[PDB]
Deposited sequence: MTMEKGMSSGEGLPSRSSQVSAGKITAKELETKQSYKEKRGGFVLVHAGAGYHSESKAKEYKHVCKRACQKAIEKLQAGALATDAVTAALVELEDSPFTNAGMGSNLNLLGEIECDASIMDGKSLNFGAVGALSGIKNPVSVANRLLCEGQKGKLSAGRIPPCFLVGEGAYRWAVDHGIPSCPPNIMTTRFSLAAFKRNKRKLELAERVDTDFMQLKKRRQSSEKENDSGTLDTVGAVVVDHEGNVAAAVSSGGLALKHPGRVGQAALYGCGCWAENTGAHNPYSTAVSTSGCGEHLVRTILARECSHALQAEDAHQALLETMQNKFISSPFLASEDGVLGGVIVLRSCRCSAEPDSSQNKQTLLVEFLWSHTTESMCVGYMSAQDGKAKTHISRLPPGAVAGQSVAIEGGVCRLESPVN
């Protein structure tokens, strides 16, 4: 058993890049499924999906990331495990092919605890590079995913190259706890295991701590209405973003209990998603677009479905 949902290229609809996004979202889902069918942890499955998403030269993450003001690459990525509730993140990272690998490495090391000090969950800049290299992570010469395994464990990750020409050192939502992604297994105050991954305007997602907000709203009965209400009230109409002339963001959501309800929503013109069940064979891709006449950054688009795992 196992299910996976991924996203790439949220933003303005490209009647050309669309084909490319579908392609990589297809194989990102394939790799995630492979991992799960090989009995891998949900975090390694979501990590494998991100590596594939990052490696596509068309995605603003890993290889092909946007160059900053100095024509340099600085990447943000993070990952969260719903079972352990642990998290790993890197910000303004360069020199590493797959930022999500550094984040996942920080997560695993974090799960080992003081076995002789509380481990770091968030590293940035040169220090993040040295740390990655020191742990064997391949030093060179927005995308995301949510996963749930046969046991019902969930995981989420997000990776981005951030804004083109951004000032050096600028860190976005993909590196920030609660903002870029979230994953939380069922608990006393969490009737559902939920996983979230975001995309869009970094600052907008950060100010509203969107990822975590969606996870909390999703504890309600109606997943569809829960997400819609969040995108409308907690995002578009958030007082924290009142000064903004348009709110741009996208999110993919997974909720289980195995009954898996998966959804995606965005205020951007469009967003590409790919999803697959381990007992489904072949991933499905889809270019989600805002309804006709809907204004980007002022309206919402939401689609989804259900899936039963075994």
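Trainee: Where does the model have holes with respect to the deposited sequence?
Mentor: The deposited sequence has unmodelled segments at 1 to 40, 156 to 157, 184 to 233, 350 to 363, 417 to 420.
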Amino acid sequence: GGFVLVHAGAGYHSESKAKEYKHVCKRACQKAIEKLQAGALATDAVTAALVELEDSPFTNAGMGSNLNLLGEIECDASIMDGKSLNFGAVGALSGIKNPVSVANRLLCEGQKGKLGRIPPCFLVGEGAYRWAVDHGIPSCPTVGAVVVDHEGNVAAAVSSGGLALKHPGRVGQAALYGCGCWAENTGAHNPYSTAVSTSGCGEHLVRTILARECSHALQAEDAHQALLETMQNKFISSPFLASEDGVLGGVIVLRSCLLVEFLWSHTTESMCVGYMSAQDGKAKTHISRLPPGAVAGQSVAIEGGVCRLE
From here on, numbers count along this sequence of modelled residues.
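Trainee: Would you determine, from the values in the PDB entry, which of 152 to 160 and 189 to 197 has the greater average C-alpha temperature factor?
Mentor: Comparing 189 to 197 with 152 to 160, the higher average CA B-factor belongs to 189 to 197.
Trainee: So 130 to 138 or 178 to 186, which one's hotter by mean CA B-factor in the entry?
Mentor: Result of the comparison: 130 to 138.
Trainee: Just grab whichever of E54, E269, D44, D280 has the top CA B-factor as deposited.
Mentor: Comparing C-alpha B-factors across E54, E269, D44, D280, the maximum falls on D280.
Trainee: For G249, return the chain-relative third of its C-alpha B-factor as stated in the PDB record: lowest, middle or highest.
Mentor: Lowest third - that is where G249 ends up once the chain's C-alpha B-factors are sorted.
Trainee: With respect to C-alpha B-factor, does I33 fall in the lowest, middle or highest third of the chain as deposited?
Mentor: CA B-factor rank for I33: highest third.
Trainee: What third of the chain does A49 rank in for C-alpha temperature factor, lowest, middle or highest?
Mentor: Lowest third.
Trainee: Which third, lowest, middle or highest, does the C-alpha temperature factor of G274 belong to within its own chain?
Mentor: Middle third, going by the recorded CA B-factors of the chain.
Trainee: Rank-wise, by C-alpha B-factor, drop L218 into the lowest, middle or highest third of its chain.
Mentor: Its C-alpha B-factor belongs to the middle third of this chain's values.
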